[PDB]
Participant: 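Once you've had a glance at the structure underneath, I'll fire off some questions.
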Amino acid sequence: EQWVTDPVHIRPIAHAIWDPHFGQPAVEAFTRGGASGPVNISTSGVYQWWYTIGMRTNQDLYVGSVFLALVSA
Amino acid sequence: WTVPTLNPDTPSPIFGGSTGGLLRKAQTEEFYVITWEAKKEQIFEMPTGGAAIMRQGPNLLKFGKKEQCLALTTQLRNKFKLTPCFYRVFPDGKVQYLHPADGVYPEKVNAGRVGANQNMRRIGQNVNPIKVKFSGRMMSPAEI
Amino acid sequence: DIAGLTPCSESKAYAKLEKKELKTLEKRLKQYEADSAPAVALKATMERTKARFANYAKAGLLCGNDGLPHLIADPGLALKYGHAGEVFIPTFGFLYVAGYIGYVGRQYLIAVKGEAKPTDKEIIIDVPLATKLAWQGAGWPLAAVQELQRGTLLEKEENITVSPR
Amino acid sequence: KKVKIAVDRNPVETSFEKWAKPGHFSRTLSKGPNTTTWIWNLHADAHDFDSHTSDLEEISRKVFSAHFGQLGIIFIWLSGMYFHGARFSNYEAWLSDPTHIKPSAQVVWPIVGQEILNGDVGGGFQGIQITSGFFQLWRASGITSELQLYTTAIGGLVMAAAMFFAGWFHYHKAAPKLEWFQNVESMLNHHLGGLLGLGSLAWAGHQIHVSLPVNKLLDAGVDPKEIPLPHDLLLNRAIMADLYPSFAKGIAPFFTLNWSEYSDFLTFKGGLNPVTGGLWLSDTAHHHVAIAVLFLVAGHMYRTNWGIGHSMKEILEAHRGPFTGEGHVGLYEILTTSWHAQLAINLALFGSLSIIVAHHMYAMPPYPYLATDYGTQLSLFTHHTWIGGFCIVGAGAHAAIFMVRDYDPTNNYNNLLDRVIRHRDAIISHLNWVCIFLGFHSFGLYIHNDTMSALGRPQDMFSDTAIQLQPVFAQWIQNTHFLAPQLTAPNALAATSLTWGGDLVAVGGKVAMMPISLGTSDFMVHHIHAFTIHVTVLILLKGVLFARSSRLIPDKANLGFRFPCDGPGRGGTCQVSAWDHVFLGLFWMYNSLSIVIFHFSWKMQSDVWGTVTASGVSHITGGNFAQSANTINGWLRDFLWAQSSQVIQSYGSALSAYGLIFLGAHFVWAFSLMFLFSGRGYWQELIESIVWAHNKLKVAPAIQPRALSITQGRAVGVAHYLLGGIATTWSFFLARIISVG
Amino acid sequence: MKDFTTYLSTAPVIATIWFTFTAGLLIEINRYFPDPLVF
Amino acid sequence: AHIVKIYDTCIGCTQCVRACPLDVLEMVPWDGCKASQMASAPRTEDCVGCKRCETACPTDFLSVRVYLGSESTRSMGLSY
Amino acid sequence: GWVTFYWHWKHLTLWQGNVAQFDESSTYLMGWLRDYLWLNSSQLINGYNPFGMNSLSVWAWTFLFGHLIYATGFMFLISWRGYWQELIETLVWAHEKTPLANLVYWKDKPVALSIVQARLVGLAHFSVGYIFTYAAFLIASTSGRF
Ligand code: CLA
Ligand code: CLA
Ligand code: CLA
Ligand code: CLA
Ligand code: CLA
Ligand code: CLA
Ligand code: CLA
Ligand SMILES: CCCCCCCCCCCCO[C@@H]1O[C@H](CO)[C@@H](O[C@H]2O[C@H](CO)[C@@H](O)[C@H](O)[C@H]2O)[C@H](O)[C@H]1O
Ligand SMILES: CC1=C(C/C=C(\C)CCC[C@H](C)CCC[C@H](C)CCCC(C)C)C(=O)c2ccccc2C1=O
């Protein structure tokens, strides 16, 4: 939702990081991209693809995820 | 000629022991026993490592696999010109004579032997694997 | 000219590179005497560098944005803009020497194959026969064309071993 | 029982007839080639003298003549080094300024632009900076002019001619008998007394009469031209008396047991010379005197032709305990009849000695202006270490060869060898467990440190600031050696080396030698070294003990020492021969020695080598070993990535050749991976297709092209792997140490 | 002398002499004609 | 167990039987060659698959072939 | 590897605004090793150092991870079955003769990996290490530079 507003200066986020082995410096080191915790910066390009095909909000991605899960089942 | 019978009360060659002997397989699956006759006391090399002394007369030894027994047989035949023979012993006490199976060594032809696994054709006459496909299991064209 | 390149005689980077090489050589020479062995060797290297740059510019080579000569491999462009000396003439020169070597070796193998022990001649080279064949190999293209036209260059398919497929 | 000279006259006729018949030494190769394999076999069995014939006398004669040929080659190489130092070097200029002029003894011809390799080494000379250390050795011997080096080169050529003549004379004219070679008592007596003792005594005489006065005047600031010639010093007693007052009394104090008078040139100074940075030559001269006396005494122990002396057979038979059965019975016959067993023992001790030489040479620099020449020190340590490791692997190989060919069970009924082979399973199993324990407790520390450092937890690492592993035993030993000259060495003026502790010695603004402190990183790298050495020992020992038989193949001895496998049966019996164990041991030796030289280079450049400034010493890398050697990332970044800058940007300078080799060595090593990961079946079929193309054009050779054998493929792969890796490290080390050191 | 010439006619000796001759010819050509890049 | 097969190109040289390290092959009477003998494999349950018999065969192509089949304690040559 | 190296170096010089660097250093292998591999891995190997760490430390750990997997693959690629089978036999004897441990026995007899299995395992480690090493280097260099 924030990357669509400024897709030139905002890095995409893959997913959050939950690792009990991380120390404090690793926690603030991976905390970037505007998130509230340690996350991974995606390099797959799904943000640009979804933005080009029409995705704008998180609701759209949620609905698409549920639909693909039903298709998988 | 008649099939010999194993004599468990047979003296063994003078050996101090080693760590390459029998294992749990001898007590749970099977083991092998080789016996031979020596004309004199002589030092030979054990297939499991070390040097043993065969005594004058009967000699009995135990091995974990048939290859060790045949290696010792080859050593005794080629060096000391002896005639050894071995058996496969099971934990229940069953003894099965193995070599020489018919009393004559397999390198020399003997009457009464029935040929087994002989193909009356050459290798180039084997069929293609496609003709053997979809069989009961993985089968090679040479098996037919 | 070709591919947007410029001749080395007019490239500024070419002259700049020549000045840079002469500058580092002169800088190394500044620490020695004027009539010693390192001074003479450095002066000889400087003269060789100047002669090499002048000869490359005189040859008409094309230099890129880096100031280094670029070769033209297309026969049409090379023959149309005077660049046949880069890749064309050396191509035929290599073809002549390579075919020379191959023809001499083939002739030696065919000559020693009809003897009692050809393998012995293969490990212990018969110098007189090899020298005679090496001298006679000057006419390798004509001899090769004649062998190909007579059908004696190749071996029949029935005389060559193959796998059982 | 009688030790005499037993020689046969004219056994082999000198002729060129066999020179035209390749493979004459082998019965199988004398028939001639039919396939290309024969050619390789011709070189793989050239020196396998025991394989050509079973006569021990013929093998011994061939070995003795081959030794003469080797000595002739060595003499030619030494003569070449002296000639290069006398005609294409700057030794004379380097003598007047050894702290600024770089040693050089190789000049290249001005062809194809290679003249750039003739760098400005100083002294008005252009050439390649050498790292062999011949300049320091020649300076230590008292050589001051090129005429002396030229004369030594001519003498070396004469000695080489004499060695080759001796080999020919002993193989074709006067060949010794088998009983002559079996005189181990006489041979040991002569080698201990004559060779070693007399060589040490002669070198002590040269040091006392040439090295000591010439080097004393050199250190005093006298020009080499003004220093008297060695014969002038050896001709009159006035000059020597002025330089050493004890020379005024002649050799009289030596015979009157007044040795204390010779304390001016025979001392126990210890430490290093503050002018040159090397060991005191008076200490080296006194050392050689003591060594000569000790070896001369040791050379009168064995019985030869009189009642006095010892019989090694009796000594070996008298050592028998209740835990080892018979003992050393049959060992005398084994070592007096098998050349492979002797080669195994000699190669093992020889390699160990070479490694000891490398350590003692860097720690106690014996040559003047050697410690400050960081390039020479690093190159010498690395070279001697590699030679030692190679000789050790060869020792394992020949031990396995003896066990396969010369072992006889009728002479080893209950000896030490018999019992070792009897419990080889227990030996190998325990060594396997200790190898796994060492690997975990050595490499896991680095992995744990890497993980903790990456996870942002430096407080949980195995470092000096965090949980530390201090080598208390090594530190205690260092303190003991440093405090030794005051309690346990009253006559020693200083310690043996400065690595134990104390003040630093600097020559020309560069630290010649300073104390070496050991911390957690040193502890970890030492355990890494122990683990790698244990794995190499495990592979070599497994290949020696299981060379004749094993639980997988009971008749391995019948298959020989060098065979590819025993088929794909029993699940697969690939690389079961002892040769393959040596093949794998070579890789492990390379790994071990590579980590050893890497540790030496980083430790020396970080805590020892460096410049001297006002109130402080600045090292080459700034002391980053204690903080970065505890992680693999530190070794990859601070040691491999940071120090490789000098070799990758060396283009356009005199060290550019090193950079070229640095790339070439990466090629050969990668080339090895083609032979090590592939099999000859694929290559044979590919050759079949190429042969088809050749038959089509009537260019098929009579000698059938065959792919390399399985053993040859493994040998080629390991040879290329070792060459590429060692050459890579050589180029990197030399370029870095010459540019920054 | 015949055996010596036969030994000199072997593959390694012949290869050594031939490669030394070829290398010497190329080196002398590059010495008298320095830095040849194009024809 | 492995599959060992004998073909009619066998010359009865008995080299494969002498090279077998586990006594798998033997010689039986035959009439298709001068030696009047033929190789046989009546104890294939003890074959390990070392292929020494194929190495010892002089016919072109080989008269004895070993095809690696199912693996057991005997075929794997395990003494434990 | 060659095609991806070429793509990454040409695009790195393009994005950095200096295509002349690639044009003048891609003609010799030393330029490829120094100006592309050594120069672009400085930020990668500095993901975690004795002074701390940053968000790029995961790629440094993955870089060393791939190097380790690749080297582990070389073991299955160089050493072959026989040596390992003999070693495993010695281990079998050691387990059978050890008290307090021989009471626990295996259900499957321990044997060395087959020749085909060894090749597959070595190739799998080689490929995994290759892929992980290049992926970590490419992502770290491209993300750190831009
Ligand atoms: C190995 C592959 C190869 C390749 C990829 C090329 C590629 C090329 N060649 Mg070429 N050529 C080759 C082999 C090759 N050549 C060989 C072996 C010969 C010796 C017989 C020639 C001799 C040759 C000549 C004489 C000419 C080219 C030319 C050309 C260029 C344009 C013509 C074309 O594409 O048609 C393929 C090329 C041919 C079929 C050869 C005949 C030339 C055709 C008929 C085009 C010529 C018409 C005209 C000059 C086109 C340019 C118009 C204008 C810009 C002047 C082109 C880049 C032309 C050029 O650009 O001149 C500078 C040119 O005139 N080549
Ligand atoms: C010119 C004098 C001469 C002549 C005519 C002969 C002739 C003969 N010698 Mg003899 N020999 C000589 C000198 C000579 N030798 C010397 C000086 C030595 C001491 C090293 C020996 C020691 C010796 C031994 C131990 C043996 C012979 C044997 C033989 C016989 C056959 C082997 C042979 O020559 O093949 C030719 C072999 C070669 C040409 C190899 C030469 C290798 C040299 C010595 C080393 C070269 C080192 C090289 C430069 C470094 C490698 C680096 C690489 C990059 C080049 C043959 C009749 C053998 C024999 O009788 O068989 C039963 C035997 O075993 N010789
Ligand atoms: C004091 C007596 C003496 C001395 C000095 C030597 C010295 C040597 N021996 Mg020898 N040896 C001796 C007695 C001696 N031996 C006796 C009595 C026997 C019989 C039991 C042997 C049997 C023997 C064998 C079987 C071998 C040696 C070998 C060697 C060489 C080892 C190579 C080396 O690393 O050294 C360093 C190298 C040098 C110091 C080079 C200098 C060489 C000069 C010429 C000194 C040699 C002196 C020696 C006595 C020859 C003089 C005799 C005269 C007729 C010329 C070495 C030069 C090996 C060999 O053959 O090498 C060729 C070897 O295989 N020796
Ligand atoms: C192998 C080692 C070695 C050698 C060769 C020498 C040699 C020498 N030392 Mg020396 N030295 C040594 C070790 C050695 N040393 C050691 C280890 C020490 C420490 C203890 C010393 C300490 C020392 C001192 C303090 C002095 C010497 C001195 C000398 C010189 C005279 C010796 C002497 O006084 O009369 C010794 C007499 C003989 C050795 C007999 C000579 C035998 C001749 C050559 C026989 C020739 C016969 C022949 C048939 C002649 C015919 C010729 C023909 C053409 C017709 C002499 C050249 C003195 C010196 O140089 O003065 C400055 C002296 O002061 N040395
Ligand atoms: C005093 C040292 C010494 C001696 C006398 C021997 C002697 C012998 N060794 Mg041995 N060995 C040694 C050390 C030694 N070795 C060391 C240090 C190693 C560890 C590497 C080995 C490992 C070893 C093995 C594995 C084997 C032997 C074998 C043999 C025997 C056959 C001769 C031979 O190898 O064929 C001829 C020799 C050659 C063909 C030399 C090969 C040339 C190499 C590959 C070149 C090395 C690269 C070079 C340094 C760089 C040049 C650059 C290049 C571009 C030109 C022979 C009795 C073999 C054997 O016993 O047969 C059953 C056997 O297979 N050795
Ligand atoms: C970097 C690659 C690599 C690695 C990791 C190994 C590892 C090993 N080699 Mg080896 N080797 C290699 C390359 C490698 N080799 C190559 C290229 C060759 C060909 C020349 C050989 C040839 C060779 C031989 C001939 C032998 C070995 C042996 C050994 C073992 C020694 C025992 C030990 O070190 O204890 C500990 C193990 C290690 C240090 C490996 C790393 C383990 C990590 C640090 C622990 C991680 C645990 C972690 C919590 C796991 C959780 C995973 C999670 C998903 C659940 C060991 C497992 C010897 C042996 O059999 O053992 C006695 C042996 O004889 N190797
Ligand atoms: C093999 C080397 C090695 C060693 C010595 C250590 C050691 C340690 N690690 Mg570590 N680690 C390693 C490898 C190693 N690691 C590797 C390879 C990785 C990457 C996979 C990691 C990843 C890692 C993480 C993520 C963490 C650690 C942590 C720790 C610390 C606590 C672990 C713990 O409490 O477990 C418990 C240990 C045991 C239950 C067994 C103890 C072993 C006993 C003493 C052996 C008994 C033998 C005995 C003498 C036999 C007696 C015989 C007879 C007399 C009865 C500890 C000091 C933690 C830490 O951060 O430190 C603060 C932590 O979180 N490590
Ligand atoms: C161990 C024997 C084998 C090694 C042989 C070594 C001998 C070498 C030959 C050269 C000999 C040089 O030996 C030299 O002898 C002369 C004898 O005048 C001594 O000369 C000195 O003492 C003599 C008196 O004794 C004085 O007259 C003379 O003016 C003074 O120089 C030298 O101090 C010694 O160096
Ligand atoms: C490449 C390769 C080969 C093929 C290697 C070969 C055929 C060796 C090639 C060496 C030279 C090139 C053969 C010809 C030597 C001639 C004497 C050269 C004459 C040429 C003149 C210029 C002198 C194997 O045979 C092999 C076997 C087992 C495991 C791996 C491999 C393997 O990787």
Side-chain angles (χ1 to χ4, degrees), chain D residues 75 78-79 81-83 85-86 91-92 95-96 98 134-159 162 194-267 269 273 275-276 278-293 295-296 366-369:
Chain D
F75 267 122
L78 277 173
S79 176
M81 294 324 109
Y82 275 89
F83 193 91
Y91 176 69
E92 279 194 6
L95 275 171
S96 296
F134 263 114
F135 277 34
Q136 292 89 341
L137 164 67
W138 297 336
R139 193 185 218 271
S141 309
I143 293 165
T144 58
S145 73
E146 300 169 11
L147 172 69
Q148 290 143 344
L149 301 168
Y150 178 73
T151 314
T152 317
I154 299 303
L157 282 166
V158 168
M159 276 304 179
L195 180 62
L196 297 174
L198 289 190
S200 193
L201 182 69
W203 185 245
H206 165 88
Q207 283 188 300
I208 281 156
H209 287 297
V210 178
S211 315
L212 273 162
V214 170
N215 281 128
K216 187 188 175 76
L217 295 177
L218 272 168
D219 299 359
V222 185
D223 208 58
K225 263 81 180 187
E226 293 184 347
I227 290 165
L229 296 153
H231 57 260
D232 288 328
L233 302 163
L234 196 73
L235 268 165
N236 50 23
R237 207 165 272 125
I239 310 177
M240 288 307 285
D242 287 329
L243 289 178
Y244 301 103
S246 298
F247 264 80
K249 295 162 169 39
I251 58 173
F254 166 72
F255 287 95
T256 48
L257 298 199
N258 267 282
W259 295 359
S260 53
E261 288 271 356
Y262 295 151
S263 281
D264 46 343
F265 60 94
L266 300 182
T267 63
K269 279 161 156 188
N273 200 332
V275 170
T276 65
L279 290 171
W280 291 99
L281 290 179
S282 45
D283 291 359
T284 69
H286 191 53
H287 152 80
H288 292 106
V289 169
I291 285 302
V293 175
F295 268 124
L296 274 158
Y367 298 115
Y369 306 97

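Lettering follows sequence order; numbering is per chain, from 1.
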Participant: Between D/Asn273 and D/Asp219, is any pair of side-chain heavy atoms under 4.5 Å apart?
Facilitator: yes

Participant: With side-chain contact (heavy atoms from CB on, under 4.5 Å) as the test, would you mind laying out the steps for D/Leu218 and D/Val275 before giving the verdict?
Facilitator: CA-CA 10 Å; D/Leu218 272 168; D/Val275 170; over 6 Å; no

Participant: Any side-chain heavy atom of D/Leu201 within less than 4.5 Å of one from D/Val289?
Facilitator: no

Participant: Under 3.5 Å, is there a donor-acceptor pair between the side chain of D/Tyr244 and the main chain of D/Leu212?
Facilitator: yes

Participant: Taking all atoms of both residues into account, what is the closest heavy-atom pair of D/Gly142 and D/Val210, and its distance?
Facilitator: CA-CG1, 4.5 Å

Participant: For residues D/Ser141 and D/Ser211, report the shortest heavy-atom separation together with the two atoms involved.
Facilitator: O-OG, 3.6 Å

Participant: Quick one: closest heavy-atom pair of D/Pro245 and D/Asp264, and the distance?
Facilitator: N-OD2, 3.4 Å

Participant: Taking the side chain as every heavy atom from C-beta outward, state whether D/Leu266 and D/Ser282 have any atom pair closer than 4.5 Å.
Facilitator: no

Participant: Knowing that exactly one of D/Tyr367, D/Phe134, D/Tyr369 qualifies, which makes a side chain to side chain contact (heavy atoms under 4.5 Å, CB included) with D/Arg139?
Facilitator: D/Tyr369

Participant: What's the spacing between D/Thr144 OG1 and D/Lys225 NZ if we round to 0.5 Å?
Facilitator: 8.0 Å

Participant: Can you check whether D/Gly197's main-chain N or O pairs, donor with acceptor, with D/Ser200's side chain at less than 3.5 Å?
Facilitator: no

Participant: Verify, without hydrogens or angle tests, whether D/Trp259 (side chain) and D/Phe254 (backbone) share a donor-acceptor contact under 3.5 angstrom.
Facilitator: yes

Participant: Tell me if the centroids of the rings in D/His209 and D/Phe265 come within less than 6.0 Å of each other.
Facilitator: no

Participant: Go through it in stages, so that I can follow the logic: the residues are D/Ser96 and D/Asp223, the test is side-chain contact (heavy atoms from CB on, under 4.5 Å), and I'd like the CA-CA distance, side-chain angles, deciding distance and then a yes or no.
Facilitator: CA-CA 7 Å; D/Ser96 296; D/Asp223 208 58; 4.0 Å; yes

Participant: Test side-chain contact (heavy atoms from CB on, under 4.5 Å) on D/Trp138 and D/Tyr82 and set out the steps.
Facilitator: CA-CA 9 Å; D/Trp138 297 336; D/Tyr82 275 89; 3.2 Å; yes

Participant: Would you please say whether a donor-acceptor pair under 3.5 Å links the side chains of D/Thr284 and D/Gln207?
Facilitator: yes

Participant: If you take all heavy atoms of D/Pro213 and D/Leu243, which pair is closest and at what distance?
Facilitator: CB-CD1, 3.7 Å

Participant: Rounded to the nearest 0.5 Å, how far apart are CD1 of D/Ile251 and OG of D/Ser246?
Facilitator: 14.0 Å

Participant: Is any side-chain heavy atom of D/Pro253 closer than 4.5 Å to one of D/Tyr262?
Facilitator: yes

Participant: Is it the case that the side chains of D/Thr267 and D/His286 hold a donor-acceptor pair, with the cut-off being a distance below 3.5 Å and no angle test?
Facilitator: no

Participant: Any non-hydrogen side-chain atom of D/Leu198 less than 4.5 Å from a side-chain atom of D/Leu296?
Facilitator: yes

Participant: As an exercise, state the distance from OG1 of D/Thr276 to CG of D/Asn215, rounded to the nearest 0.5 Å.
Facilitator: 8.0 Å

Participant: As an exercise, state the distance from CG of D/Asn236 to CG of D/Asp242, rounded to the nearest 0.5 Å.
Facilitator: 9.5 Å

Participant: Can you find a heavy atom in the side chain of D/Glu146 that is under 4.5 Å from one in the side chain of D/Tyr91?
Facilitator: no

Participant: With distance as the sole criterion, is a donor-acceptor pair present between the side chains of D/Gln148 and D/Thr151 under 3.5 Å?
Facilitator: no

Participant: Could you state the interatomic distance from CG (D/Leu95) to CD1 (D/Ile143), rounded to the nearest 0.5 Å?
Facilitator: 9.5 Å

Participant: What distance separates D/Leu137 CG from D/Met81 CE, expressed to the nearest 0.5 Å?
Facilitator: 13.0 Å

Participant: Between D/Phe247 and D/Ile239, does the side-chain contact (heavy atoms from CB on, under 4.5 Å) criterion hold? Intermediate values first, please.
Facilitator: CA-CA 9 Å; D/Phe247 264 80; D/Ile239 310 177; over 6 Å; no

Participant: Do D/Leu149 and D/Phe83 come close enough that some side-chain heavy atom pair is under 4.5 Å?
Facilitator: no

Participant: Using a 4.5 Å cut-off on heavy atoms from C-beta on, say whether the side chain of D/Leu217 contacts that of D/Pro228.
Facilitator: yes

